[PDB]
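Proteins come first, then strands; the chains are lettered A, B, ... in the order of their sequence lines, and each starts at number 1. Below, all heavy atoms of this structure are taken into account, side chains as well, without hydrogens, waters or symmetry copies. Read the numbers this way: they start at 1 and go in the same order the structure lists the ligands and their atoms.
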Amino acid sequence: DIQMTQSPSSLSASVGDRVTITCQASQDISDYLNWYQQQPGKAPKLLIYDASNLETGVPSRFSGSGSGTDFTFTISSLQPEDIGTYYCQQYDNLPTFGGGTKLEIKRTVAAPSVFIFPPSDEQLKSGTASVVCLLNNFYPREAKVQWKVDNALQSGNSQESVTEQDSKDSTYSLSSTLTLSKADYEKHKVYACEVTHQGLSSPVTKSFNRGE
Amino acid sequence: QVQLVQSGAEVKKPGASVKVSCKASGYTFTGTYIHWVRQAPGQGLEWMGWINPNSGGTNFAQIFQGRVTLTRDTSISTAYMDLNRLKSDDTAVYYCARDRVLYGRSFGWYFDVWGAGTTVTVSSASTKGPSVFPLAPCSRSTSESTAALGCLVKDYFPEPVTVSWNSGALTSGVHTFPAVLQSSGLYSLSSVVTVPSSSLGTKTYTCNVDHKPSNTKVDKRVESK
Amino acid sequence: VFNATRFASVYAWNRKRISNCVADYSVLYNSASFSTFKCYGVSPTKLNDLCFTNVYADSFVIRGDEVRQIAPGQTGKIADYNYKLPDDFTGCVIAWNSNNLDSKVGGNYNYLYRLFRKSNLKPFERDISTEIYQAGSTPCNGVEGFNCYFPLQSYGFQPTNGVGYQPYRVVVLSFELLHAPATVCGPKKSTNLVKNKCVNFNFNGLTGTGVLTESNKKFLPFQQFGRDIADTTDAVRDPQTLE
Amino acid sequence: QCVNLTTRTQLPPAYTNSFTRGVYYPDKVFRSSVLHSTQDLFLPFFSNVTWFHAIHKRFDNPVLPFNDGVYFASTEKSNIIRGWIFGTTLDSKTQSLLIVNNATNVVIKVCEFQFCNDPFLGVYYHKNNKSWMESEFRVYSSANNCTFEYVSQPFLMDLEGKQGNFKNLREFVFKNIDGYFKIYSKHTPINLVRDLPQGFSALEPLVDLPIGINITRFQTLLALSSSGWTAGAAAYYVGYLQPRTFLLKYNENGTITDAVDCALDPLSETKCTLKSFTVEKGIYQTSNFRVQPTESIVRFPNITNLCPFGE
Ligand SMILES: *[C@@H]1O[C@H](CO)[C@@H](O[C@@H]2O[C@H](CO)[C@@H](O[C@H]3O[C@H](CO)[C@@H](O)[C@H](O)[C@@H]3O)[C@H](O)[C@H]2NC(C)=O)[C@H](O)[C@H]1NC(C)=O
Ligand SMILES: *[C@@H]1O[C@H](CO)[C@@H](O[C@@H]2O[C@H](CO)[C@@H](O[C@H]3O[C@H](CO)[C@@H](O)[C@H](O)[C@@H]3O)[C@H](O)[C@H]2NC(C)=O)[C@H](O)[C@H]1NC(C)=O
Ligand SMILES: *[C@@H]1O[C@H](CO)[C@@H](O[C@@H]2O[C@H](CO)[C@@H](O[C@H]3O[C@H](CO)[C@@H](O)[C@H](O)[C@@H]3O)[C@H](O)[C@H]2NC(C)=O)[C@H](O)[C@H]1NC(C)=O
Ligand SMILES: *[C@@H]1O[C@H](CO)[C@@H](O[C@@H]2O[C@H](CO)[C@@H](O[C@H]3O[C@H](CO)[C@@H](O)[C@H](O)[C@@H]3O)[C@H](O)[C@H]2NC(C)=O)[C@H](O)[C@H]1NC(C)=O
Ligand SMILES: *[C@@H]1O[C@H](CO[C@@H]2O[C@@H](C)[C@@H](O)[C@@H](O)[C@@H]2O)[C@@H](O[C@@H]2O[C@H](CO)[C@@H](O)[C@H](O)[C@H]2NC(C)=O)[C@H](O)[C@H]1NC(C)=O
Ligand SMILES: *[C@@H]1O[C@H](CO)[C@@H](O[C@@H]2O[C@H](CO)[C@@H](O)[C@H](O)[C@H]2NC(C)=O)[C@H](O)[C@H]1NC(C)=O
Ligand SMILES: *[C@@H]1O[C@H](CO)[C@@H](O)[C@H](O)[C@H]1NC(C)=O
Ligand SMILES: *[C@@H]1O[C@H](CO)[C@@H](O)[C@H](O)[C@H]1NC(C)=O
């Protein structure tokens, strides 16, 4: 087998800046390497073939270079249509793929618009209690959340989902759900979820209680 | 102009088999190889094998040898993958893509045109329609300037549950979050909208949740308390 | 034809039909990219002034030492066992070095010739047979034996091979001229047609001088020209309007 | 599917005279009011052509040689001859050409075919709707490496009719030269009970296929619980082309209306040497004769040791 590893897993880049991504082989490929772009919600597209030839109709900003075991791909000035994951694939022995590099638009820091919702009378009637924590419109992705019951953290019963980078103005939103039995929600007087994020000088707390 | 068209999404039990087709059009089918390739949810690309439509000969990535079979009918210009004994982890998006007609080398694979792709979903569970609940802000007296409210869309299995607000007219401040797999193995998601606090006591908010696999199309109104 | 990613093998050489189209042989012949461009019944300069009945491109790869065998009347394992041009061939042989297209540092082996055959093959035939070749006086059965051989051999195209052991792509264009209704032409624009006056005419590349009259002759669909007892043209069917 | 048909009578092989048939237009040039001399692969005049038939009882589709090319003709009703197979081995060790006129399309195809032992097509006969329908295409069990394909634009062919005489004569000349398989063809109306008719017509060129294959043999395709069947009546005739001079009479309309086979007899050689279809009283010089060699004799010294060129 021949392994392909891409060094940057993700990059934050502003409009007009230069972007570089590296594909590293386990073995000397000479130049038997190709590069692809995948946009969110679509199939991949071939950008550079033979490690340094640009494909037909591709914007002149896209570039590739090097020979042997190690290769670069480059965008000379990134623009908003370029956003997606970029992948190498080789051809010295089978079309083995690399791990891929994500690109996001670089933006100033922004703290979340930040909320919580207790379990509904409609859902509690099904025998299950889900309480959800919402963070909306922040930028540095790594928005850390934690759950509290009687000022203690729990395990194995919360989940989270994160909405894709907003095409309108470069923002992130995620929600965390804590799911419990109806009886576990009856047992605990006090609930919260709490946020650590780079837009906050101290971690934000936002508790509620059953009947409050 | 050239096109590759896949079949609609596939849903199957563990240990079962799935057959997926690419109909080619706009070019001569026997000129170049067809590859099959996949992508697991939020992950990197993963090659299966290729077939040479002029010859029917085929070569695989090792891991899939003796699991996948590739085939093709030249009259109907259709390439197929038939995949045996589906693992739960064979839940992925799948594609086929063409072997570069001009300007390459004699060897090199590339992937010069790709079809729109298809989803294969693997689970032990049967088809189940969603339940939808109010993510409604606690105490009307505790919204200050902007409010958030929503639709928790819960325990439904045939993937692609679509959501829209106020018969699909409302879009400002709306978000819909990627569906996540539970410990039960079924899907769930949220959608939420941000609104003025002043309009919450007078306007109506509602979501339509559509799940074609269970023929289920459920409306509800979101209300303060 | 000329820029396709992968060519056919010389043992199993491809043939494409070229029809109902405008050729521009200047775009081909004025290119610097061709190491051989030899024609056999026409000059490459004149290809733009002609129209052609049927045209076929034959596409394959060989070793740079072997491009000499693609000329008509030559002999050796390529001209004897997998690709022969006829002695009265009309057409052009076009060839170039492929040491960045068909050649690999581990060796490329996708290209094969035919090493053995009970007989030399006839002009423009192709043999696909994978039958075992009995070089000895004994017969043999099954896949192999002593002095029984597989009839094909693979070229080892490596970029470390010297010139002559490097791959060469070959295209042979194999048309016929001025004898039948035409379907592929050079880029020449037609004039109007004039009658009862002395003119320098040119019909599908049949140039001459004379007066044109509406004839009462009844040509069949396969006939483009009529000839005199002196074997000169004395009637023609206008390729724009079929009178 | 392939089947070995068994329900047929044994007859000895029939033959008939090909009077002046199997001439074709030798090139794509108009000529008129002229006697033109041409040397080509032609069916000789008055040559003894092999005769094959479907009757009631009889239905013969043998593998036949294709040496130097074939004149084929069917004297016919009800569309019974539907095409041919050409090649050498006929069994996917080598390539072969298939031409079929199925009920809706001509299909011309070249691939390593595995043909049946006796290939045929089949029709369900007069079944309830007062109609006839093609339902069997027992021609090949596989078609492997395939390098030429053509299918005609679709038509409807009638699979019905019964008469005490044949109505159509369809004549074909097949040549395989410099990698090209050439077809010349003619249809002429007829009204005859049996035997290839006396007469003349010239075959026009039909098509010229760039197939690139060796051909030493051919077989025809006929249209008919997997034995016991009715053969619809149809006759076909096979003769072999060989290289010889013909003198062709183009009439004032530019059709070949007559020919002289210049090798048939001393009067036909006299007609060609005078370039005329009529000859006056006289004695005329014709080609000088010559006894040809019976075998080849090679005489070299009985030296056997190889020459020292390594040194
Ligand atoms: C086209 O196909 C033909 C049929 O396969 C093939 O003819 C065969 O050619 C070989 C070589 O000439 C002959 O082999 C025999 O040659 C002599 C007898 O003629 C013997 O001394 C040898 O030991 C050997 O057995 C075959 O007999 C001959 N078969 C026939 C039916 O004629 C042609 O060579 C092929 N031509 C091309 C251009 O591919
Ligand atoms: C005679 O042999 C023919 C060649 O194999 C065969 O042709 C095939 O006929 C079918 C039916 O018409 C075609 O099917 C297609 O028809 C139209 C084409 O526009 C489409 O709308 C359909 O979806 C379908 O794709 C085949 O494409 C055609 N094959 C080829 C290679 O042309 C005839 O059917 C044979 N006839 C009999 C009576 O057996
Ligand atoms: C004519 O048709 C033949 C059968 O379809 C075809 O033969 C096949 O050729 C491929 C290679 O091109 C073989 O594939 C295998 O080759 C070796 C076998 O040791 C393995 O290393 C490979 O991984 C691969 O599995 C087929 O096995 C072979 N089939 C047979 C029955 O021999 C010819 O290639 C066709 N000819 C042309 C001109 O295309
Ligand atoms: C060359 O082709 C000519 C066109 O087909 C053909 O001319 C046609 O000949 C026939 C027989 O002489 C004429 O038939 C008619 O004759 C008179 C009228 O002139 C009528 O009384 C008859 O009933 C009958 O209809 C055609 O009129 C005539 N056509 C033309 C346009 O003049 C020649 O005969 C052909 N020549 C050869 C050598 O075959
Ligand atoms: C001249 O020599 C060639 C090849 O060079 C020799 O190869 C070995 C056989 C060995 O002698 C080395 O020291 C030399 O460098 C001869 O070619 C061989 O010929 C035989 C048949 O006689 C054949 O079976 C081999 O496959 C050939 N080998 C190679 C490598 O080509 C050649 O025969 C000699 N020339 C003359 C006129 O005798
Ligand atoms: C039809 O008959 C032919 C021969 O009459 C059969 O062909 C034989 O097939 C066997 C293998 O089954 C071979 O060993 C022989 O060499 C073949 N002989 C010939 C003359 O080809 C054919 O198998 C029969 N098919 C059916 C369906 O009965
Ligand atoms: C035609 O050929 C056969 C031999 O194939 C011969 O017996 C027969 O007599 C010939 N026919 C005539 C009418 O002479
Ligand atoms: C009659 O023709 C139809 C097709 O039109 C066919 O399906 C049916 O089998 C035929 N019936 C008989 C008895 O032949």
Side-chain angles (χ1 to χ4, degrees), chain C residues 11-13 75 77-87 114 116-140 147-148 151 215-220 226, chain D residues 30-35 63-69 85-97 103-104 110 112 122-136 147 156 158-160 175-181 188 199-202 211-219 224-225 230 240 248-258 277 295-296:
Chain C
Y11 101 87
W13 56 269
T75 187
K77 57 171 176 278
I78 300 302
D80 299 334
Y81 309 130
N82 48 227
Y83 190 82
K84 186 56 133 293
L85 295 190
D87 310 67
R114 181 170 299 271
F116 302 98
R117 265 188 58 88
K118 295 184 293 184
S119 60
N120 300 337
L121 56 60
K122 290 170 186 174
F124 302 125
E125 289 176 17
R126 65 168 62 94
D127 186 7
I128 303 304
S129 180
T130 56
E131 285 168 6
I132 304 306
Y133 179 78
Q134 304 79 9
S137 62
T138 186
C140 67
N147 289 336
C148 280
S215 195
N216 76 337
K217 287 167 183 155
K218 289 176 176 284
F219 287 16
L220 301 166
Chain D
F30 183 94
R31 301 188 183 82
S32 68
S33 302
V34 71
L35 280 51
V63 179
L64 298 174
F66 191 90
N67 41 222
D68 279 346
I85 287 157
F86 310 85
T88 59
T89 67
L90 310 183
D91 74 10
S92 75
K93 288 172 59 180
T94 68
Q95 302 190 98
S96 296
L97 164 71
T104 64
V110 185
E112 292 185 321
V123 179
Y124 272 108
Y125 37 87
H126 200 273
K127 298 304 296 180
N128 295 5
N129 303 297
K130 206 185 186 298
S131 73
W132 298 69
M133 177 176 178
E134 190 172 74
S135 191
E136 300 162 32
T147 68
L156 184 62
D158 292 317
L159 305 106
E160 55 75 35
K175 303 198 295 185
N176 188 42
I177 304 172
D178 299 331
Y180 290 94
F181 186 91
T188 58
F200 190 104
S201 76
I211 69 180
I213 80 181
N214 191 356
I215 301 175
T216 59
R217 276 177 326 172
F218 89 104
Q219 182 166 30
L224 293 168
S225 305
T230 301
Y240 294 99
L248 307 177
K249 176 173 160 281
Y250 289 85
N251 72 352
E252 48 263 62
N253 291 346
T255 68
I256 301 159
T257 49
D258 203 2
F277 281 58
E295 63 254 33
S296 301

Checklist entry - Taking D:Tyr125 for the side chain and D:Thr230 for the main chain, is one N or O donor matched with an acceptor at less than 3.5 Å? => result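 Side chain of D:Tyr125 to backbone of D:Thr230: no pair is present.
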Among all protein heavy atoms, pick out the one at the shortest distance from [atom]; state its residue, atom name and that distance to 0.1 Å.
| atom | value |
| --- | --- |
| atom 35 (C) of ligand 4 | D:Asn253 ND2, 2.5 Å |
| atom 5 (O) of ligand 1 | D:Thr88 CB, 4.7 Å |
| atom 11 (C) of ligand 1 | C:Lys118 O, 3.6 Å |
| atom 33 (C) of ligand 1 | D:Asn214 ND2, 3.8 Å |
| atom 4 (C) of ligand 1 | D:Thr216 CG2, 4.2 Å |
| atom 34 (O) of ligand 1 | C:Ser119 OG, 3.0 Å |

Do protein heavy atoms approach [atom] to less than 4.0 Å?
| atom | result |
| --- | --- |
| atom 18 (C) of ligand 1 | no |
| atom 2 (O) of ligand 4 | yes |
| atom 26 (C) of ligand 1 | no |
| atom 37 (C) of ligand 4 | yes |
| atom 21 (O) of ligand 1 | no |
| atom 7 (O) of ligand 1 | no |

Next on the checklist: Between ligand 8 and D:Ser131, is the shortest N or O to N or O distance under 3.5 Å?
Outcome noted: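 No; the residue has no nitrogen or oxygen that sits under 3.5 Å from a nitrogen or oxygen of the ligand.
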Checklist entry - D:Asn128 to ligand 8: N or O pair under 3.5 Å? => result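 No: no nitrogen or oxygen of D:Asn128 is under 3.5 Å from one in ligand 8.
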Checklist entry - Counting from 1, what ligand 4 atoms have a heavy atom of D:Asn251 closer than 4.0 Å? => result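 The list of qualifying atoms is 37 (C), 38 (C), 39 (O).
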Item to check | Under 4.0 Å to a heavy atom of D:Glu252 - the qualifying atoms of ligand 4, by number | outcome: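 Per the distance check, 38 (C).
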Checklist entry - D:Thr255 and D:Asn253: side-chain donor and acceptor closer than 3.5 Å? => result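 Looking only at side-chain atoms, D:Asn253 and D:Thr255 do not form any donor-acceptor pair under 3.5 Å.
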Item to check | Close N or O approach (C:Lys218, ligand 4; < 3.5 Å) | outcome: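 There is no such contact.
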Item to check | C:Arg117, portion touching ligand 1 at heavy-atom distance under 4.0 Å | outcome: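 C:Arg117 to ligand 1: side-chain contact only, backbone stays beyond 4.0 Å.
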Next on the checklist: Within the structure provided, determine whether D:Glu134 and D:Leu159 are in side-chain contact (heavy-atom separation under 4.5 Å).
Outcome noted: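 The answer is yes; the side chains approach within 4.5 Å.
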Checklist entry - When you look at D:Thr94 and D:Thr88, which way does the side chain to side chain donor-acceptor pair (under 3.5 Å) test go after all the steps? => result CA-CA 7 Å; D:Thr94 68; D:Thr88 59; 3.2 Å; yes
